[PDB]
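Taking it in order: structure first as structure tokens, then the write-up.
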Ligand SMILES: O=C1c2c(O)c(=O)ccn2N([C@@H]2c3ccccc3SCc3c2ccc(F)c3F)[C@@H]2COCCN12
Ligand SMILES: [Mn+2]
Ligand SMILES: [Mn+2]
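Protein chains in written order, with the entry's author numbering: chain L, 1 to 218; chain A, 610 to 726, 781 to 903; chain H, 1 to 219.
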């Protein structure tokens with residue numbers, strides 16, 4: 001298979017700034033007919049992909065002229081001359097010179113904004129869920145930037161492993177922040193054996209790691 | 610018992626029918642060959658001469674069946690001539706890679722065509792390959808088929824390329840044997856073609872007299888003409 | 001305008017079979033090659049198969065060879081993908097696409113979701129994430145709904161029938177080790193509105209024909 005290698009994996013860029021994305025091919029994409037079938041796509045969150053550039057440097061009809069492509073052989077570049085908010089999403093290169101047709105792994109274009117520390121909120125399980133024999137504790141990191149964050153659970157100061165899951169939203173289109181939920185799931189019996197339930201958040205917008213906690217009884 | 614000249618006289622009508630349906634140049638060649646058989650001192654001369662009629666006539670009907678131009682062997686283009694005229698920008702490289710296998714340049718298939726653009784022209788090469796592949800699939804007729812392919816390249820829809828079709832046909836008993844040795848012979852040049860970025864297809868097929876008259880690579884009306892002429896000549900040649 | 005419109009998605013047991021269709025309009029379909037591409041959730045794009053204009057040339061990704069068949073019906077402007085011997089790794093959004101002049105993907109459908117799993121269709125349990133002082137900051141409180149253990153994937157969440165949109169975050173679902181999915185949805189509202197504004201999360205899970213409306217109140 002032709003292997004296509006994109007770099008960087010993610011690209012934070014300020015509105016109005018240029019962006020450059022690289023796609024390298026494990027073999028030459030020059031076809032024997034003289035053409036070079038390397039193409040660029042953008043997938044906005046929740047949408048199907050859209051073509052930007054076909055055969056290295058042809059802008060697809062209707063695509064804004066801030067998008068251009070260049071290169072030859074095994075080395076190709078997509079450039080956004082002046083990034084806009086709507087350019088948030090995943091950029092893919094793909095080749096159709098050889099079978100199988102293959103894609104690069106994607107570059108996530110992220111919009112830069114000023115640091116925003118998360119607001120950390122915790123939700124004890126609902127009585128309705130407890131009635132059923134399970135207890136989910138939800139920890140919410142709201143409206144933070146940049147994405148890097150660490151969330152751990154402690155129950156009476158004992159670190160928890162194997163019983164929590166985490167989900168992150170895509171970057172928000174209005175304010176460019178992220179939000180994250182972490183859900184700790186215990187049996188009802190295990191839940192009612194302990195007092196302190198704690199979510200510990202680390203983020204560079206915080207002066208030190210924040211522990212958000214409640215006491216089961218209260 | 611029968612002298613050979615006498616054998617030719619008896620089959621005067623079937624052979625007359627034969628010469629009348631063949632293409633012009635094929636007809637005259639078969640007519641010279643027929644007189645060589647009539648005027649044959651030895652039964653080995655007559656046999657060898659009749660072998661040539663069997664192949665030459667069959668090719669004439671293959672041409673007619675497929676609406677291709679019958680080409681006398683003397684006027685048939687080799688591979689080298691095909692590369693030179695159809696792909697002039699690659700002939701020098703076509704000469705370099707054949708340094709160790711120079712016989713490639715002199716390979717002369719029965720038909721050396723190219724897609725419309781002494782290489783004969785055809786409107787679609789892929790359609791010829793399909794019609795061959797279809798009958799092979801439908802009547803169990805043995806073919807061999809090969810397509811050059813640079814690396815693992817895909818076909819494309821935004822540009823047209825030149826391409827060749829190389830076809831070998833035959834009328835002989837070992838049908839299986841003919842298509843295997845034909846495709847083995849051309850396999851080398853197919854690989855060469857992949858390395859020059861030239862698109863070629865190679866097809867080979869054969870019929871014999873045991874092939875059901877509805878299943879040949881030629882129209883049944885031509886099958887009847889061969890069976891009534893060249894095949895009775897062979898049977899009368901052996902006996903007497 | 002060129003449009004491609006896939007259908008035929010849904011839920012298939014492993015080993016099962018399923019046929020997808022793509023209806024094409026706004027261009028002379030029969031003159032162009034057509035393609036299928038797929039995308040496993042939270043992953044990149046993966047080419048599936050190509051079929052030439054006159055169906056003479058067909059290519060397959062190695063991971064579908066011998067299981068998937070691509071075909072077309074030119075008089076009916078329709079492209080087909082027959083899937084057999086399906087595996088959970090075939091779970092993906094499937095897109096048909098065409099270059100309309102080349103082998104690149106110039107035009108794409110909206111996609112159809114194929115889930116390969118033996119889990120049973122199941123509506124979600126919906127639990128409130130109630131506002132409290134542990135979820136208040138300044139003049140703002142957060143609240144939400146936990147949408148637990150539904151299958152297959154497609155679930156929509158709105159708040160107050162879609163009237164509340166500001167500050168809503170609905171998180172991507174997580175495939176649990178049980179084979180079911182779970183997500184939460186949250187919203188931040190003015191703390192002054194707690195006690196005077198009612199907050200209902202509207203949870204719609206069409207695959208199971210279940211709708212839950214859960215009011216979220218301070219406890
Ligand atoms: O092109 C062919 C050829 C055919 O294509 C064929 O199918 C059978 C056989 N052929 N051969 C023909 C030939 C053609 C038609 C009928 C019988 C014969 S029998 C051998 C012979 C041929 C030509 C001159 C000669 F002196 C021969 F002894 C030679 C094989 O070397 C390339 C030229 N050629
Ligand atoms: Mn020959
Ligand atoms: Mn021959």
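C-beta: ideal position from N, C-alpha, C; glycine also.
Taking the Cβ of residue 715 of chain A as the reference point, every heavy atom of ligand 2 lies at 7 Å or farther away. For residue 184 of chain H, the closest Cβ of chain L is nearer than 8 Å.
Closer than 7 Å to some heavy atom of ligand 2: that describes the Cβ of residue 719 of chain A. The C-beta of residue 145 of chain L comes no closer than 8 Å to any C-beta of chain H. Relative to the non-hydrogen atoms of ligand 1, the Cβ of residue 99 of chain L never comes closer than 7 Å to any of them. Residues 1, 2 and 3 of the same chain have their beta carbon placed closer than 6 Å to that of residue 26 of chain H, with the five preceding and five following residues left out of the count.
Contact of residue 8 of chain H with chain A is not assigned, every C-beta pair being separated by 8 Å or more. DSSP lists H/186 as the beta-bridge partner residues of residue 169 of chain H.
The bridge partners DSSP lists for residue 891 of chain A come to none. Here the alpha carbons of residue 714 of chain A and residue 90 of chain L stand approximately 52 Å from one another.
Pairing residue 73 of chain H with residue 24 of chain H, the inter-Cα distance amounts to about 11 Å. The residues 35, 36, 58, 59, 60, 61, 64, 68, 70 and 81, in chain order, have a CB closer than 8 Å to that of residue 49 of chain H in the same chain once the five nearest residues on each side in sequence are set aside. Only exposed fits residue 213 of chain H, as fewer than 16 other CB atoms lie within 10 angstroms of its CB.
Each residue's CA atom was taken as its position, placing residue 890 of chain A and residue 785 of chain A some 30 Å apart.
Taking 8 Å as the Cβ-Cβ cut-off, the segment 26-49 of chain L approaches chain A at 27, 31, 32, 33, 34, 35 and 37, given in chain order. When Cβ-Cβ separations below 8 Å define contact, residue 813 of chain A makes contact with chain L.
Spatial neighbours of residue 115 of chain L in its own chain (CB-CB distance under 8 Å, excluding positions within 5 residues in sequence) are listed in chain order as 145, 146, 204 and 205. In this structure, residue 184 of chain L and residue 149 of chain L do not form a Cβ contact; the two beta carbons are roughly 16 Å apart against a cut-off of 8 Å. Around the C-beta of residue 896 of chain A, 16 or more other C-beta atoms lie within 10 Å, and the residue is accordingly described as buried. For residue 60 of chain L, the residues of chain H that pass the 7 Å Cβ criterion are 106, in the order they occur in the chain.
Secondary structure note for residue 120 of chain L: its beta strand (DSSP E) is the uninterrupted segment 119-123. Taking a beta-carbon distance threshold of 8 Å, residue 669 of chain A does not count as an interface residue toward chain L. Per the Cβ contact rule, the segment 639-658 of chain A is not in contact with the segment 820-833 of chain A (fewer than 3 Cβ pairs under 8 Å). Secondary structure of residue 128 of chain H (DSSP, three-state): strand. When DSSP assignments are scanned along the segment 101-163 of chain L, the uninterrupted stretches of beta strand (DSSP E) that are 3 or more residues long and fall wholly within it turn out to be 107-111, 119-123, 134-144 and 150-155. For the segment 181-206 of chain L, the beta-carbon criterion of a distance under 8 Å to any beta-carbon of chain H is satisfied by 181 and 183. Around the beta carbon of residue 127 of chain L, fewer than 16 other beta carbons sit within 10 angstroms, so the residue counts as exposed. The straight-line gap separating the alpha-carbon atoms of residue 178 of chain L and residue 219 of chain H is approximately 28 Å. Using a Cβ-Cβ cut-off of 7 Å, residue 96 of chain L is close to 817 of chain A, given in chain order.
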